[PDB]
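Okay, structure first, notes after.
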There are 2 protein chains.
Amino acid sequence: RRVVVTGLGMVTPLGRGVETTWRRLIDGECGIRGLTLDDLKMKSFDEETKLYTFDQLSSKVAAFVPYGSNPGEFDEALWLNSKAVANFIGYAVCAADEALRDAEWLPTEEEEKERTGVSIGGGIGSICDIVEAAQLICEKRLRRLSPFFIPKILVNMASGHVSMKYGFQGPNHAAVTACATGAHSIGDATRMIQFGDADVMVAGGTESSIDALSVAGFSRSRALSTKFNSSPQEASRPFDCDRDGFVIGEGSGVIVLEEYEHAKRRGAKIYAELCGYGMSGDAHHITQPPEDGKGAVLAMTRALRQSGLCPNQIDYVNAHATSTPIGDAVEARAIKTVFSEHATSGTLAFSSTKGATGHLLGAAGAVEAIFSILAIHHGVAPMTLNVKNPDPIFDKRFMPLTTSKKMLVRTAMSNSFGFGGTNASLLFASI
Amino acid sequence: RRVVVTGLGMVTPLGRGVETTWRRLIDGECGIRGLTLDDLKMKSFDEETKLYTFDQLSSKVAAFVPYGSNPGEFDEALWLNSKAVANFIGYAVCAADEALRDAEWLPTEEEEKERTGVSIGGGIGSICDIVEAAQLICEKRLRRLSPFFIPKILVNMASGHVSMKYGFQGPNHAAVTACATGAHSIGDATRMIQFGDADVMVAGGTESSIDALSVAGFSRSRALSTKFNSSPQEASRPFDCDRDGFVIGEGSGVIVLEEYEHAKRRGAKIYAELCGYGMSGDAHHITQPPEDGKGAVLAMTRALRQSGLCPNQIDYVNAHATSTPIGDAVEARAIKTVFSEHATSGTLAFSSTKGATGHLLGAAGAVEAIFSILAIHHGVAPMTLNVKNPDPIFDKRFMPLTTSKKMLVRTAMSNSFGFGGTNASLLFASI
Ligand SMILES: [K+]
Ligand SMILES: [K+]
């Protein structure tokens with residue numbers, strides 16, 4: 001059984017909705033701005049504590065979903081209107097609603113509902129909610145603790161809320177694999193349709209982890225950009241010589257996957273086929289990839305092997321590259337190993353879109369899969385922002401895209417790597 | 001491709017190791033004891049705050065892994081060996097080591113290592129570490145924030161630590177589906193072997209969430225047992241008329257899944273075949289199952305369809321039943337709906353082992369899958385503990401097992417349900 005994409009939905013730092021996000025991405029816009037006190041998510045703390053906490057943050061830049069009741073904005077009054085709904089849940093529901101309406105898949109019949117599942121994972125959940133609860137322990141105010149505390153911090157709950165809203169009674173699932181979360185969630189859902197567990201899967205990733213402890217935590221891991229705090233629009237620079245860590249972003253990407261014959265029967269429009277889901281492990285380090293990028297090589301090779309395609313048949317690669325000194329170079333090295341002559345001749349088009357969106361963490365793999373599907377659909381490959389001085393590994397030919405380029409994209413591959421050395425590679429093709 | 005089980009490993013409130021856990025389970029033992037101040041995991045808090053917090057907890061019972069350097073005990077010096085290892089990670093590695101040495105699978109060859117993956121999920125991760133970090137905000141001591149904070153709290157990191165320990169470079173994965181986590185992780189891994197993503201998968205679940213905020217959070221939701229604080233060994237009573245909520249437990253279950261031909265070629269000892277992986281969603285309520293238990297019915301029916309077996313061919317069912325008023329009754333109705341004449345004849349053996357182990361949350365689905373496999377392997381069906389007065393739903397010979405029944409077990413099914421209405425049913429058979 002073959003698996004196709006019939007609906008796209010997203011909410012990103014470039015806007016709410018596929019149209020707005022894609023338009024701004026191609027136009028070369030950037031969703032990164034400087035942090036403020038409000039961004040700490042510390043409404044339950046006094047101003048002196050807020051001020052102190054802000055000062056402890058090495059990284060003072062982030063990529064935010066725009067909130068509001070106007071076009072291209074995320075309306076919290078519509079999507080975060082319940083006590084059990086944390087921000088990551090609202091993003092996923094918002095994106096899922098767009099994807100399902102795009103796919104024209106809102107079944108009323110129990111037969112179809114039972115054959116529709118959900119696989120939308122989150123990477124970390126809601127740290128800010130756990131911080132608020134922990135404050136109750138410190139201040140001896142535990143009576144205030146919400147009965148909805150547990151339900152709103154569980155990383156599988158986006159799938160729960162989506163399935164509930166639409167009555168979807170197929171597999172209720174979530175893959176959680178750090179920054180590969182959105183990729184594995186989509187991939188696992190594909191395997192389920194292939195095996196026959198479902199005919200339709202609403203799959204993707206979500207994350208809303210811009211808050212005091214998240215920023216402080218990633219800053220302590222030395223994972224975040226710090227030296228561009230006065231110039232936020234230049235903070236995320238994948239493949240650039242002056243990159244100094246990623247910029248935390250937030251949002252959700254959700255797609256509607258469905259079995260090919262099922263899609264054709266109902267006359268659904270098809271974006272692309274999902275042809276490869278390559279998985280590997282680095283088996284190296286909790287946070288650092290290996291020098292040779294073997295894990296990334298394995299993941300890409302496995303996705304290729306599944307599709308029955310040769311390296312030279314790949315038109316576009318959306319790289320994971322998060323704007324990290326070691327990470328970006330390792331992936332570049334891995335892309336050279338997998339594609340060799342196809343890459344070193346300049347034939348292969350590749351870019352990282354994280355200069356524009358930031359690192360969406362658990363949602364990164366899903367959002368970037370959407371970008372890859374859209375590359376095929378529109379015949380436009382997105383640029384990498386802020387590559388003023390390309391990494392020494394690159395030359396005149398082997399070079400990431402620095403402008404949005406029109407081209408036939410019949411095949412698009414998207415890499416997502418996470419802490420623990422967990423790797424996924426999703427390969428899409430026109431059908 | 002067929003998938004078989006070649007290794008078992010576990011760390012539970014009934015002991016470290018399969019040997020001790022199974023022996024104590026079958027002997028009708030219980031791992032539940034009363035909560036103390038030390039169990040709050042509040043080492044960074046003063047005595048006054050410890051006492052306040054303890055007084056605020058309505059549930060004062062939990063099921064603990066026995067620590068120590070003696071047989072049947074968890075040696076924390078061996079497994080909690082670095083600052084990056086939270087308890088859930090340590091339990092998983094301990095369980096994985098046992099499972100792999102049982103499977104006799106410690107390959108040196110890059111080929112075999114690349115064909116071996118890991119799918120061990122955690123449900124919540126490490127709340128206590130987030131609480132400690134949040135305390136640094138309240139006390140303005142963020143200087144002391146651990147560099148390993150982020151790696152410690154991520155629910156996928158058990159898979160990461162296991163893979164790097166043994167150099168496994170196959171799919172590095174985690175399904176996180178609340179209290180179905182262990183089941184979906186095992187089921188997902190099965191699909192991966194079935195498809196050809198891997199030849200061997202180290203799969204299961206892990207949890208260590210006995211701490212101040214976890215107990216407070218679950219207590220506030222009214223999910224936990226409160227009436228039996230004076231008699232802890234009586235607190236978990238699945239299917240009993242006096243049940244009043246579940247008892248939080250901790251531990252890990254890990255199994256080695258293997259492609260059938262791969263197992264036979266190397267002369268591996270085979271416990272059972274995994275024949276069915278049924279998945280569904282309630283699409284009803286964030287925490288409560290629907291009255292008719294349609295989700296449970298669907299999950300069980302789906303696992304049956306996949307196996308090619310009919311209800312009458314099922315020998316043992318390990319119920320999810322957690323000792324909650326609504327939950328247990330709903331599953332009882334669902335079992336009756338699926339098995340009808342096979343249930344009411346008294347020939348279907350079914351029990352919940354949560355009276356003995358407590359609710360292991362993310363590890364529940366994996367530990368109970370192991371019990372289902374061991375039932376087949378040993379020809380003994382485990383009892384339900386503390387059924388003094390069976391629920392009115394049970395009539396005549398439709399009754400859960402209240403003693404360890406010696407019997408031929410050819411087939412065994414295990415149910416796991418989680419918050420968000422996520423349901424999994426795993427079906428094993430002799431081979
Ligand atoms: K990517
Ligand atoms: K079970």
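So that the names make sense, note that chain A is the first sequence line, chain B the second, and so on, each numbered from 1. Worth knowing before you read on, the calculation uses all heavy atoms, side chains too, and leaves out hydrogens, waters and symmetry mates.
For the set A:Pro151, A:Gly418, A:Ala178, A:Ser214, the count of heavy-atom pairs under 4.5 angstrom toward chain B peaks at A:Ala178. By number of non-hydrogen pairs under 4.5 angstrom with chain A, the leading residue of B:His184, B:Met157, B:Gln56 is B:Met157. Most heavy-atom pairs under 4.5 Å with chain B, from the set A:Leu213, A:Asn172, A:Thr422: that is A:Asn172. Between chain B and the options A:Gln135, A:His161, A:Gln194, heavy-atom pairs under 4.5 Å are most frequent for A:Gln194. Per-residue heavy-atom pair counts under 4.5 Å with chain B were compared for A:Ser163, A:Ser280, A:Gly217, and the maximum is reached by A:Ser280. Of the residues considered (B:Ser219, B:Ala174, B:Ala180, B:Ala134), B:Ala174 shows the highest number of contacts with chain A, using heavy-atom pairs under 4.5 Å. When each of B:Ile130, B:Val118, B:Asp188 is checked for heavy-atom pairs under 4.5 Å with chain A, B:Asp188 comes out on top. Of all the listed residues (A:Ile127, A:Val131, A:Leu145, A:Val155), the one sharing the greatest number of non-hydrogen pairs under 4.5 Å with chain B is A:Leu145.
Salt bridge status for B:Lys140 with A:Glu48: absent, with no side-chain N to carboxylate O gap under 4.0 Å. Taking 4.0 Å as the cut-off between side-chain N and carboxylate O, B:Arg144 and B:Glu132 do not count as a salt-bridged pair.
Of the two parts of A:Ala84, only the side chain, counted from C-beta on, holds a non-hydrogen atom closer than 4.5 Å to a non-hydrogen atom of chain B. The part of B:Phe45 that comes within reach of chain A is its side chain, from C-beta onward, which places non-hydrogen atoms under 4.5 angstrom from that chain. There is no contact between A:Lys165 and chain B, counting heavy-atom distances below 4.5 Å. With a threshold of 4.5 angstrom between heavy atoms, A:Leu298 approaches chain B through side-chain atoms but not through N, CA, C or O. With a 4.5 Å cut-off on non-hydrogen atoms, A:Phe419 touches chain B through its backbone and its side chain both. Interface remark: A:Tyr52 contributes side-chain atoms only to the contact with chain B (heavy atom separation under 4.5 Å). Neither the backbone nor the side chain of B:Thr181 has a heavy atom closer than 4.5 Å to any heavy atom of chain A. If you measure heavy-atom distances from B:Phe218 to chain A, the contacts under 4.5 Å come from both the backbone and the side chain. Neither the backbone nor the side chain of A:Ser185 comes within less than 4.5 Å of any heavy atom in chain B. Neither the backbone nor the side chain of B:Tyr166 has a heavy atom closer than 4.5 Å to any heavy atom of chain A. For A:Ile286, the parts lying near chain B are the backbone and the side chain together; criterion is any non-hydrogen pair under 4.5 Å. Only the side chain of B:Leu154 has a heavy atom closer than 4.5 Å to any heavy atom of chain A.
No side-chain donor-acceptor contact under 3.5 Å links A:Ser221 to the backbone of A:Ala223.
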Distance-only check: which donor-acceptor pairs under 3.5 Å involve side-chain atoms of residues 196-203 of chain A, not counting sequence neighbours?
{"residue": "A:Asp197", "atom": "OD1", "partner": "B:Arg191", "partner atom": "NH2", "Å": "2.8"}
{"residue": "A:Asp197", "atom": "OD1", "partner": "B:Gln306", "partner atom": "NE2", "Å": "3.4"}
{"residue": "A:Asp197", "atom": "OD2", "partner": "B:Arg191", "partner atom": "NE", "Å": "2.8"}
{"residue": "A:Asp197", "atom": "OD2", "partner": "B:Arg191", "partner atom": "NH2", "Å": "3.3"}
{"residue": "A:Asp199", "atom": "OD1", "partner": "A:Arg1", "partner atom": "NH1", "Å": "3.4"}
{"residue": "A:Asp199", "atom": "OD1", "partner": "A:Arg1", "partner atom": "NH2", "Å": "3.2"}
{"residue": "A:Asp199", "atom": "OD1", "partner": "A:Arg115", "partner atom": "NH2", "Å": "3.0"}
{"residue": "A:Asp199", "atom": "OD2", "partner": "A:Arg115", "partner atom": "NE", "Å": "3.2"}

